[PDB]
Ligand SMILES: [Cl-]
Ligand SMILES: [Cl-]
């Protein structure tokens, strides 16, 4: 209604005297470390419940309908997961059975340590692509060709199918172990803010580039062409050019089958997504298309007659655990860090989505610890890095999922598909498995439709999307992520280095101050010039602050004093022979400052000293308490620059200046 | 005196209606490029006067009194320049002849393009070290030994004295040209803010740690030992151990003569600095100690009898210009970027010190063009990077310097020191030249005494000093600078990601709001809870802003709503069978925000949505004009979240709630 106040002009000291402060808490490092480590059993029970969240949702079960919901979601997600594993095994350059291994053990491990309920841990296209890329870069194909086979002219250096897969599997296991170790280190040290740097446009561009690279790789697999494992800089462009040059050496049957299953899967997925109000349970198009592909490929001998590319390499059994070949961490530390951070980011995103959809809370450090333990347990069983795919996750959420029991049942399907089932998947073409991956790329290919929206929105974030998407295409995929985080941090620094300063003026008959470049009927005080500077002054925006002051006052405090001294020597010689007109004061509305960066408080003191020589006072308006306490420690309040120069509000400074002008002409 | 106002509670819309805004300026890209490139004669005269600042101080000269002070300082700095110029050549692994070339040619170029008056362009101890650091790594000593000389058992692979320097001289010329091009790029593209990242603790710790590497490198010449040109990681640590292991192979003639001039040059310099009130002109101790060193070394045959290390390699002549060996810019691009930025940082640092004392403004972007053409012109005559030493600069200013005429006269002394003079410096020991460099290291060795001062001051800046000083010792000197720039920028992100939020309360009978953790007698409104959050919300601190709200209200907006649904299902079944207590509203005092980072502004709409379900209003207090216009573009003002939720001041949000509850119970 009515906003009326009546108080004296407390600038800095008229308010600090009669206001008793609170005594700061003593450090007492001994008592701090003693009180932190609790001795009562309450803290022990709390940390046990937090570290192992399985003991929370188990006692409060609702078996009656939860049993049926979990068993149906488990069989469905198990089918989907074994299909996605046998499909993504090609993205990691590992055999097909190791994908099923990586789709089984992580599920068992993410049961006594996970803190989620609607997450299906397993393979992931982007993570498997990164694993395969680093495996190809660390163990390429031109390092295994053994000369044997009595060739025509030279030594018969044919393909090394065999012991090469063992080396690739050992390398993938070492990479997974290193990723798990990095995740456990990030979880135990309670460092979780490191993944907050992955903004929405950054991860969007990263996923778009990863989807492009996955499309290129799966197109190489479908066409049944052999490239030269180009890796490094412009690897995707080079391999795409090599594919375009090797179009003649394709397989017509494999290409036709792949295109047909792509069209079928895309049409079925679009029909199920659009007309959702008629069929709530998503039709498992992957399962039926894989069954019909295995049925058609088994009838006619596509391997012999049509020379198709089938798997025919399923051993259908387990294997004893193999110790990882430790010693390759120095040359893969950055790759493992990138894989771990992207896996944790995707996992946290999916968890937060399916938690705010079902109204429950998911911890971050617990998810980090759970995924670290899962990757460590997977490294001991010849598996690659595990994550949660959004397509596989939606299955248990749509079909009905309450706890992780549906996830444990999803491993029973993989369990029976490892020991007994799998012989029927022998004549399955690799082009069919390479198609469902492309069909799942529709969710990430449509992410490019946000650039026009982000451009109308904050433009600095729209550039981060395009920068991350392009930079993660030229120089690899893992190196492109590091180039995005640094670019995002540089963009943040540039937004606090080049602020939006204004010409704050006074609204008539009130005390509210608005910018002069946005409103017209604003009257500024006679002689006084007000200035606001956001983005607190640090070592980078000191020259920017100087230029802002020089532009808002019209002149320079240095050149005016130089001209005054040049005109003063003409006065001291005349006795022997015989600019700063409008600016009366400068009220700096430094209300949007947080830190001071003492290198900047030196410049502030220099400004106050320079303007004092030209008879121009530099007052402050909205200096915070934590900022004044910092400036006082940095040696700013000398015998001449007292606290009376600072004020509490913007109108207090103007009122004090008007009263001083009225009382002193 | 009296601060009294009487205005209605204009929140956001009661102020926006009757306040007509100013129309934004039209882009008009066709006219923007036309109005920028002016055609009048004033634009042509302005670009020539700024690019060539010689046409300013030359017409208004004071030959009557200025020429007398420049001829005495020119011959004074010429003797100091010809000694420091040839002494710094040892740090660049180039012969002593090319050291005088770097003190004559850069002066001629820094006469028509320079924008300063008290700067003596020439070599520099830190800059020459970075130049010689890459010469040892690109052309090491074990890459030129030629087997010849009928050795004892194996081929006589003795030293390559002779054509070995030709590979080092041509390498320094290519490095000099690449540094000059980068400086012209920064000057041509008008990008000068890149050197603002070199903060005072960053450049302070870099020059301090560089003084250690100069001390270790010059100690090798004093002791006259032969190391193994260790470069890379821990280069200074490895070469220091090798010196201690080779103490037995020292030279008592070079050590005693080297340690003697260390004490003499340090004592006279310290005595002259303290007792300045008796002798205004600094005594050239560096000059008198070199002449007496050559006289003693010429009398007794120190080369033959005492086996001392002398130069005896001064041809005393010029050379035709040699074209730079283009093709080495790819492997020296990362090294030249670190040298081109320190050659400009020290130039502006030393320039501005002697500019505020003589009261003349030095152009910023012109120094990039000035030293740019200087290094380019120096590359065509077999020189290294040119800079301005603080020790050599203080000579021309203390003895009397007005313009660059004293610098040109200083080049005449170096001019005669090449054609005629120079034969007398033949028996000069290398330990004497390697000692005057160590004596000047006192200015940088005493910079360690600021770490205790910076610790009592802003502690984040004291860590950057120690980080830069240590990191520039482990991994080289040029790589340590880049590790400091990224660490300094990272500290700015850490200060804006972890802000200093408070519990702002109300002062009785007034309208000023202060933090509750600093003052005691502060009354908060009944039910209303105020929160202030500096360091504007971006993608990194968006999660910390959630934890900040959860801590100031006591509860969580998510878990409380989850318990409400857990308690609501018991209500919908009872009809079939038969927390948020204190927090009334939330006033976010977002007055210290500058940008939005729409990635983070989506959570602001989520926070209002999360608190609206629990019947808690989330109001805003001090949102700026440039931020509210950004919220509308990012899709924040929907049909439910209107502008009435925002307020102009903090007390308007409290006054609105007190009247709303009074009128609506
Ligand atoms: Cl997916
Ligand atoms: Cl010096």
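Numbers in chain A come straight from Swiss-Prot, and the residues shown are 18-595, 651-737, in order.
Heads up, header says this was done by electron microscopy, 3.2 Å.
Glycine is treated like the rest: Cβ placed from N, Cα and C.
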Inset, instruction - State, for residue A:243 and residue A:407, whether Swiss-Prot gives them the same topological domain name and hence the same side of the membrane. - result: yes
Legend entry - transmembrane segment according to Swiss-Prot, located in which of A:30-50, A:51-71, A:219-239: A:219-239
Legend entry - Cα-Cα distance in Å between residue A:595 and residue A:651, where 55 residues go unmodelled: 29
Legend entry - For the topological domain 'Cytoplasmic' (A:213-218), sequence-distant contacts whose Cβ falls under 8 Å of one of its Cβ atoms, 6 or more beyond its ends: 358-359, 362, 467, 471, 478-479, 481-482, 485, 502, 505-506
Legend entry - Candidate ranges A:110-130, A:345-365, A:385-405, A:449-469 - greatest C-beta contact count to the transmembrane segment (A:422-442) (under 8 angstroms): A:110-130
Inset, instruction - Using DSSP, break the topological domain 'Cytoplasmic' (A:366-384) down into helix, strand and coil residues and give each count. - result: 12 helix, 0 strand, 7 coil
Inset, instruction - Spell out yes or no: are there three or more C-beta pairs under 8 angstroms between the transmembrane segment (A:110-130) and the transmembrane segment (A:449-469), with each pair 6 or more apart in sequence? - result: no
Inset, instruction - Quickly jot the same-chain residues contacting the topological domain 'Cytoplasmic' (A:366-384) by Cβ under 8 Å, restricted to those at least six beyond its ends, or write none. - result: 67-68, 70, 130-136, 204, 207, 209, 220, 405, 407, 410, 414
Legend entry - For the transmembrane segment (A:88-108), sequence-distant contacts whose Cβ falls under 8 Å of one of its Cβ atoms, 6 or more beyond its ends: 114-117, 119-120, 124, 137, 139-142, 145-146, 148-149, 231, 234, 238, 301, 303-304, 307, 328, 406, 408-409, 412-413, 416-418, 422-431, 434, 442, 447, 450-451, 453-454
Legend entry - Close approaches to the topological domain 'Cytoplasmic' (A:443-448) from elsewhere in its chain (Cβ under 8 angstroms; 6 or more beyond its ends): 107, 238-239, 241, 271-272, 274-275, 278, 307, 310-311, 314-315, 319-320, 325-329, 331
Inset, instruction - Would you kindly check A:192-212, A:219-239, A:385-405, A:487-507 and say which stretch has the most C-beta pairs under 8 angstroms to the transmembrane segment (A:345-365)? - result: A:192-212
Legend entry - Summary of DSSP states over the topological domain 'Cytoplasmic' (A:131-135), given as helix, strand and coil counts: 0 helix, 0 strand, 5 coil
Inset, instruction - State, in range form, which of A:192-212, A:385-405, A:449-469 has the highest count of Cβ pairs under 8 Å to the transmembrane segment (A:136-156). - result: A:385-405
Inset, instruction - With Cβ distances under 8 Å as the criterion, find the stretch in A:192-212, A:264-284, A:385-405 that has the most pairs with the transmembrane segment (A:449-469). - result: A:264-284
